[PDB]
């Protein structure tokens, strides 16, 4: 019931619902049109969504880098519904992210995370991700436009 699969265009509605649940949990805003945009992204772009049943997802983008022949991957969104956490779903999603980007010969996986999100940080650290390069923490700066 919760095996990991690659989302198809017709799955955009389920992905959108999970993203809304994610934003609702963290009291962050949602634009209209998530479903339509996910449908276009899944069909046409260098990006994919993995679904665990209807209870978790991972949204990955692939973009060019001069450092590698393959892309740099970014896990833009990762979410497991609260009642299904601490059961290995997130581990299985992340393992499948690494499996799928390996098919594309991706040179790196990147993930941005809030410092306050200590559970997610411990999860990523325990599954082979680091905040350190050249002996320094790495920070994300943004400007919304």
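Numbering follows the first chain given and starts at 1. Take the two forms, superpose them, and find the largest set of C-alpha atoms that agree within 1.5 Å; that set is the rigid core.
Asks: Comparing against the shown form in 4 other deposited structures of this protein, which stretch has the larger RMS C-alpha deviation after a rigid core superposition, 66 to 74 or 40 to 48?
Replies: Looking at 40 to 48 and 66 to 74 in 4 other deposited structures of this protein, the bigger mover is 40 to 48.
Asks: Can you tell me which stretch has the higher mean Cα B-factor, 2 to 10 or 136 to 144?
Replies: According to the PDB entry, the answer is 2 to 10.
Asks: Of 18 to 26 and 122 to 130, which one has the bigger average CA B-factor?
Replies: 18 to 26 has the higher mean C-alpha B-factor.
Asks: Checking the record values for 44, 63, 96, 102, which has the greatest CA B factor?
Replies: Comparing C-alpha B-factors across 44, 63, 96, 102, the top value belongs to 44.
Asks: Out of 114, 32, 108, 77, which residue has the highest Cα temperature factor in the PDB record?
Replies: When the deposited C-alpha B-factors of 114, 32, 108, 77 are compared, 32 is largest.
Asks: How does residue 50 rank on Cα B-factor within its chain, lowest, middle or highest third?
Replies: CA B-factor rank for residue 50: middle third.
Asks: Sorting the chain's CA B-factors, does residue 83 end up in the lowest, middle or highest third?
Replies: Highest third, going by the recorded CA B-factors of the chain.
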